[PDB]
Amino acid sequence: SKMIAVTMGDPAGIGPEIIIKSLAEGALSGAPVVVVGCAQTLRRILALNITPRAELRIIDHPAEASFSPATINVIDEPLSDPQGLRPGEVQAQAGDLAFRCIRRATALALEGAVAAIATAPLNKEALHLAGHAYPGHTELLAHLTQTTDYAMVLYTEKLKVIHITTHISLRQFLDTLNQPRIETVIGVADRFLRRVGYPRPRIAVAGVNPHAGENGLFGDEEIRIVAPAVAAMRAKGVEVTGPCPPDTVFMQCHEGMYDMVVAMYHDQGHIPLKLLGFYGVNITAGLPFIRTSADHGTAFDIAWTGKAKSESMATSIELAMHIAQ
């Protein structure tokens, strides 16, 4: 039984309650999931009657987990002051816990004690206040695993995408586009797909401009940057093609012509995925293990009220499990 670790995230946010909701009932009840988090915090949430009931089984190591419906196995990573934590506020002890849970889960994944991680949201202000000077999970995970090259993947059965960049302006994407990064991401895609079991991954690389530039009629990015990256990776034995017209390449992948598309920018890849009804499926590819997450924040405005939806947390756990098993 391949296990998933789930990190608590910021305990003052919605992470604790969406973890309990995800694991206490429904499809993931009794699933092989180990929570790395503050057990006392989980108990405070349970006492507020804002989630289904659950028994906690505290453990020291994933190999000591015992899975059953309505029980949550927890490796306790304690807050310094669990009873003093205030809901929905930026607190150093909360940012510190978010960091420590990621650190501990990462160590377990690197040892092979768990197969993958699914992360609950952290608050970057609190993370920084606690002395952890990372923009977010991605840079922290990269540091803890000595991973230089990584990229965001959206993963569904029929359409998979990996992104050259994500949360930057469209203009910045154009002004930073570069051949080394595209080659790197093609390589990350190939290794990622091999590791999920595709012996000979078929990868398509999207162009930048309409019609992939129509032979230079629109822009020069395809001839000067994208096509040379494709050629270099084809020479290195990757089954990669492109540049491909953006408005047909995702369609082609969805129809089974390719296993994954390399999208040039956030919306190029996100628009098609979310239209197909995937509004929990993001993977940080390139790390030594699979890491999933949801696109939502800590939601301090509603934290500890039971209003936050747990579906994206559950979807991220399900995805990690699916790939691991």
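Numbers follow the displayed sequence, beginning with 1.
- In the deposited sequence, the stretch from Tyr279 to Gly280 hides 1 to 3 residues that have no coordinates.
- When 98 to 106 is weighed against 206 to 214, 206 to 214 comes out higher, by mean CA B-factor as recorded in the entry.
- Averaged over their C-alpha atoms, the temperature factors of 307 to 315 and 5 to 13 are higher for 307 to 315.
- Looking only at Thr156, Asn178, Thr241, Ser169, the residue with the top Cα B factor in the deposited structure is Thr156.
- Taking only the listed residues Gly136, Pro121, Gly88, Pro228, the entry reports the highest CA temperature factor at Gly88.
- Compared with the other modelled residues of the chain, the Cα B-factor recorded for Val196 ranks in the highest third.
- Among all modelled residues in this chain, the alpha-carbon of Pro69 has a temperature factor (C-alpha) in the highest third.
- In this PDB entry, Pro288 carries a Cα temperature factor that places it within the middle third of its chain's modelled residues.
- In this PDB entry, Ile186 carries a Cα temperature factor that places it within the lowest third of its chain's modelled residues.
- In the PDB entry, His61 places in the lowest third of its chain by CA B-factor.
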